[PDB]
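First come two forms of one protein chain, each written alone as structure tokens, so that there is a structure 1 and a structure 2.
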Structure 1
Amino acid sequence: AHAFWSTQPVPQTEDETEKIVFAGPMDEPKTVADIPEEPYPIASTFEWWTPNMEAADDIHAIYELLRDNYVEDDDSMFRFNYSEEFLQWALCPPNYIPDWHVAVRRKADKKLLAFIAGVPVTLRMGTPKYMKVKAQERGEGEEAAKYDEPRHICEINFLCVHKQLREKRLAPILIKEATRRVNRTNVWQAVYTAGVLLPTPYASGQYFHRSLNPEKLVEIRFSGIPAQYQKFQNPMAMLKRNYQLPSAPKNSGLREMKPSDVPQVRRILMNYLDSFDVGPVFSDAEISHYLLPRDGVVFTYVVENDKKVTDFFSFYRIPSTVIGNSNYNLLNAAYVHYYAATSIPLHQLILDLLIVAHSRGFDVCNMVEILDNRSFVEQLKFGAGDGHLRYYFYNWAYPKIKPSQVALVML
């Protein structure tokens, strides 16, 4: 029973989603004038707050909320510790809408108690290729193509309720108020991800992890000894030896991305992402924002061949707090971001990502099996994680697809 989600324009069961064969909206069309102009009522001791993401004080307040209260593993050993610089990056892409960043604070002391953030994204989200095949074989190509134009929608992230206020139905009102503010902008769909099962994902991908410092990872109980290494008398030693990375990048033309690479990176990324059912459309401004290197936040490298950029990869940094370990209190994790390989095998491109991440002191490289990420798991010695990242739409019926048809990276 979902007292909240059963009232919302989402598919309500896996059985329902299994039957969806076209993309399209779920709610009746509405207009902005149908949407209340007043923020939803909230307890008189709390207030809605829209942070100013240019104010160091406001960014710091969000930072501290998430540091102490955002996603935790089930054993409370690790918690994400997004940096202030990362939050300003993730929350403030080009043309972002300040009113889509929704917070609740306590009036008396102005303490931040809850947060949810929406940013604009332009998403291809029309009927998937294989369902269009089946639709065309039914003479319904027209209906299957109705919504192929990229849509300007909302990407939701960073939903967080302070630990002391959990299970008091604050998340539904936060979500409802964000929806109100987005709808008041004439935007009617959103996309979000979660590591938990909600009604009802259109895609789910397993997490995979590449140890860069396997001794540390075993000590902090992030990962175990892979089953294939349990046959050894000293598995950690063999792990270190087989996981040892080349001292140097295998691609001699590798260098950090620079502003003049933006147009070529845009073109090769968009050409690659076009082959996926669900994916973002990025302008030069958005390519610049999301991919140009930013210290401690995002790292992007290009390969030149024949004087031109032919390949690139990116990763971003999310440290996690390690709780209860007497030897370590932080885990430095690199997350595979966007990439495109036009002249070298993808596993050779991503090997250079691992080499660079190791040289920069990261402990582990994490990814979800979206894009073509599954294809280099075995080759580059990634191990399967316990987690799955689920992909969801708000007010968009969508057929179930494999994660290999998803090209939207979530931060």
Structure 2
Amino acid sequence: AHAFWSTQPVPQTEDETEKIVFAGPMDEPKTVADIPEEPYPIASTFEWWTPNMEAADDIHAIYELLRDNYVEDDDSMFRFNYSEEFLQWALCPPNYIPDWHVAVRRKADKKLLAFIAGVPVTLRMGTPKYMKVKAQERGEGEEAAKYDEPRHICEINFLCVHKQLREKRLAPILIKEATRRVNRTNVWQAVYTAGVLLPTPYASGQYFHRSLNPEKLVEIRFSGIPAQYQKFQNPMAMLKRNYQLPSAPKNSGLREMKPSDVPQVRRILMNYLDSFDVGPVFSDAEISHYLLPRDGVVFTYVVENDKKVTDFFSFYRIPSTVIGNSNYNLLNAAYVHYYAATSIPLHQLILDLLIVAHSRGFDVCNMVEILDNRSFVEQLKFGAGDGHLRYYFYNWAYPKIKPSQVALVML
């Protein structure tokens, strides 16, 4: 019984979602004129605040809110610690809209208490290929193709309410106010992810994790000793051997991506992403923004053969605070980002990612089974995680799809 989500333009049940066969909007059309001009009222001790993401002190305030109050694991042993440089990167892509970053602060002391972020993305979100096949059989190809044009929508992330203000219905008001500012911009759909189940995902993918420093991961209780290893005299020793990696990449031609690589990377990435049912469309400027190496934030390598870029991979860094371990205070996680392989098997491309990440000091490589990520899980010794990432749209009916038909990486 969802007091807020039952009022919203999202499919309300799995049964409803299972019956959706065409993509399109949920709400009847509205105009900007239909949308309230003023921010929603809130308690007189609080005020709305739009952070200036180009101000180091505002980024620092957001940083500290998220550091202390953002996503924790179920046992409260790890908490995301997105860096300030990461936040400026994720929040300020090309043509970002400052007003879509919505915060609540306390009037008296100006303390930041809650936050939600939206950024523009151009997303292909038309009817899935297989549903189009079936629709053509029924003579409904026109209906199924109606919304194939890429759409300029909002991607929502970083929803966060201070631990002190939880379960006080602040999150719905934040979501409503974000929806209002986005609607006032003449944007009517959003895409978001969450590790929890809400009404109603169009896709869900399990997390997988590739141990790079298994001794640390066991010590901090990220991982355990698999039971099969208890047959050994020194299980940890054999675990370290199992996960051992070469010290250098195996692909001749691998090097860091350069600005001059952007056009070729854009071409091979878009060729790949275009084969998925849901996926972003990136300009040169967005490829540069999201993939050019940034110290401590995003790491991107290309394979060059005969003076042509034929493959690339990227990963980004999010450390987690380790809560209450005597020997470690941080978990250094690399997350598989976008990639594209044309000259080599994908598992060989991602093996070099693991090797590079290990050599740059990362403890674990994480991913969700979107893109073709599932296809190399066994080959490269990823293990299944406890968590799933659910993909949602706001104001968009969408048929259920497998995560392997999703090509949008969420930071």
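Note that the rigid core is defined as the largest set of C-alphas that superpose within 1.5 Å between two forms. Numbering for residues begins at 1 and runs along the sequence of structure 1.
Rigid core superposed between structures 1 and 2, residues 169, 231, 138, 163 considered: the one with a C-alpha shift of 2 Å or more is 231. For residue 242, the displacement of the CA atom between structures 1 and 2, after superposition on the rigid core, amounts to 1.8 Å. Core-aligned Cα shift between structures 1 and 2 at residue 351: this is 0.4 Å.
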